[PDB]
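Student: just coords:
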Ligand SMILES: CCCCCCCC/C=C\CCCCCCCC(=O)OC[C@H](O)CO
Ligand SMILES: CCCCCCCC/C=C\CCCCCCCC(=O)OC[C@H](O)CO
Ligand SMILES: *C/C=C(C)/C=C/C=C(C)/C=C/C1=C(C)CCCC1(C)C
Ligand SMILES: CCCCCCCC/C=C\CCCCCCCC(=O)O
Ligand SMILES: CCCCCCCC/C=C\CCCCCCCC(=O)O
Ligand SMILES: [Br-]
Ligand SMILES: [Br-]
Ligand SMILES: [Br-]
Ligand SMILES: [Br-]
Ligand SMILES: [Br-]
């Protein structure tokens, strides 16, 4: 009842488009899961955790998207020409809770292919995860107010954005100070990964703000469309680039299975 999805009836076209976005998301992540599983054998031990983390992200995101899809069809029934709310079973909050797990995985696989190790890896991962969790938690509290108190959504969103900015500064600083350690030409690739991240992750706060500028049923559809673009870009496309970097550095480091695969 705290999310705008509960306020509207949906046309068949709107309802089925949202359902198809979510189900397509499930298929894309589980298809990618198999790809990451099969190619892990071509990654040197030093980097193989990075590809395993992509497997974990795929199933984590795939399970939440599948949960959202079933919750969506549980919550609404087609009555008198529109889909109308029947049960309080759908909310976006499950995405936020899941981010607590998937964002640390996405960040860790970046740090691994940057060749960080030992105390710097543990220290950098700790500050990044704390910053990320602060961002997620404040965002989560903010969206509890997207119906009742838009001013509170904005203020919690400003606090969240402060964590986001600091997180991105840590990430960017480590990338630009360590890309010279990267093998096989991937010092060039990692810069593109950073820009892909900036683009894809910024779509989430845009989705967060939809209630402020498009509080209607088409805004609900737009938000799910933005989440879909962002999810595929931040998890699947990002994971493919991380895996490419891992295999390329593995080969440059003399790992034979990587050399043959390329
Ligand atoms: C009264 C309400 C409370 C107000 C306060 C809440 C807002 C504070 C937010 C950010 C400050 C913390 C930023 C400090 C981060 C420094 C540590 C760090 O980033 O280390 C990175 C390094 O590159 C890795 O080794
Ligand atoms: C809540 C409202 C507050 C609004 C606040 C607006 C300030 C935005 C500024 C920067 C965004 C952070 C982007 C981080 C980009 C990476 C920066 C970086 O990596 O620095 C390069 C390094 O110094 C080379 O060695
Ligand atoms: C796969 C999911 C990912 C990469 C989720 C990323 C989420 C964010 C970057 C969220 C950022 C937010 C803000 C910067 C302010 C508004 C609240 C959030 C949590 C949506
Ligand atoms: C309060 C929350 C703090 C969370 C901190 C999490 C710390 C995680 C630290 C690094 C995990 C990396 C483990 C795998 C190392 C891979 C390196 C390698 O095998 O080449
Ligand atoms: C996620 C990015 C957050 C950006 C910070 C928000 C910037 C705030 C800008 C002006 C706030 C104006 C407050 C007006 C409250 C409207 C109350 C209402 O109409 O219900
Ligand atoms: Br229709
Ligand atoms: Br329509
Ligand atoms: Br190795
Ligand atoms: Br997720
Ligand atoms: Br490149």
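Tutor: Structure received. Numbers count the residues shown, from 1 in each chain. Ligands and ions are numbered 1, 2, ... in the order given.

Student: which ones are touching residue 134?
Tutor: By C-beta atoms under 8 Å, 6 or more residues apart in numbering, residue 134 lies in contact with 160, 163. C-beta: built from backbone N, CA, C; applies to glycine.

Student: How about the helix or strand containing residue 109 and ligand 3, any contact?
Tutor: Assigned by DSSP states H and E, residue 109 belongs to helix 93-113. Yes. Looking at helix 93-113 against ligand 3 by C-beta under 6 Å from any ligand atom, the contacts come from 99, 102, 103, 106.

Student: gap between the helix or strand following that helix and the chain center?
Tutor: Next helix or strand after helix 93-113 toward the C-terminus (DSSP H and E): helix 118-143. Remark: helix 118-143 is offset 14 Å from the chain centroid, using C-alpha atoms, centre = their mean, to the nearest Å.

Student: Would you mind listing the buried residues in helix 118-143?
Tutor: 124-125, 128-129, 131-132, 134-143 (16 or more other C-beta atoms under 10 Å).

Student: hang on, the earlier thing: could you say what helices and strands the helix holding residue 109 packs with?
Tutor: helix 48-75, helix 118-143, helix 150-178, helix 186-213, helix 238-252 (3 or more C-beta pairs under 8 Å, 6 or more residues apart in numbering; DSSP states H and E).

Student: can these go into a markdown table with extra columns for distance to residue 16?
Tutor: As requested, the helices and strands packed on helix 93-113 are arranged in a markdown table below (distance: least, C-beta to C-beta, whole Å):
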| stretch | distance to residue 16 |
| --- | --- |
| helix 48-75 | 10 |
| helix 118-143 | 25 |
| helix 150-178 | 29 |
| helix 186-213 | 20 |
| helix 238-252 | 29 |
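
Student: most neighbours per residue, which of those?
Tutor: Compared across the helices and strands packed on helix 93-113, helix 238-252 shows the largest average neighbour count, a mean of 22 (mean count of other C-beta atoms under 10 Å).

Student: Point out the other helices and strands that it packs with.
Tutor: On a contact count with 3+ C-beta pairs under 8 Å, 6+ apart, helix 238-252 meets helix 12-39, helix 48-75, helix 93-113, helix 186-213, helix 256-261.

Student: The first one vs ligand 6: in contact?
Tutor: Yes. For a cut-off given as C-beta under 5 Å from the ion, helix 12-39 has contacts with ligand 6, namely 12, 13.

Student: What residues does this protein have near ligand 3?
Tutor: Residues of the chain lying close to ligand 3 (C-beta under 6 Å from any ligand atom) are 99, 102-103, 106, 135-136, 139, 157, 160-161, 164, 201, 204-205, 208, 231, 234-235.

Student: residues in contact with stretch 112-124?
Tutor: The contact list for stretch 112-124, computed with C-beta under 8 Å, 6+ apart, reads 47, 49-50, 53, 111, 170, 174-175, 178-179, 181-182, 186, 190, 242, 245-246, 249.

Student: That one and ligand 4, any residue contact?
Tutor: Yes. Judged by C-beta under 6 Å from any ligand atom, stretch 112-124 comes into contact with ligand 4 at 112, 121, 122.

Student: can you list these in JSON lines and add distance to residue 38?
Tutor: Below are the residues of stretch 112-124 next to ligand 4 laid out as JSON lines (distance: C-beta to C-beta, whole Å):
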{"residue": "112", "distance to residue 38": "19"}
{"residue": "121", "distance to residue 38": "27"}
{"residue": "122", "distance to residue 38": "30"}
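
Student: Pick out whichever of those sits closest to ligand 6.
Tutor: Relative to ligand 6, the closest of the residues of stretch 112-124 next to ligand 4 is residue 112; by C-beta to the ion it sits at 47.3 Å.

Student: What count of nearby residues applies to the closest one?
Tutor: Look at residue 112: counted by other C-beta atoms under 10 Å, it has 22 neighbours.

Student: Residue 9 too?
Tutor: Other residues lying near residue 9 total 15 when counted by other C-beta under 10 Å.

Student: Confirm residue 84 sits in a strand?
Tutor: Yes. Note on residue 84: a strand contains this position according to DSSP: H, G, I helix; E, B strand; the rest coil.
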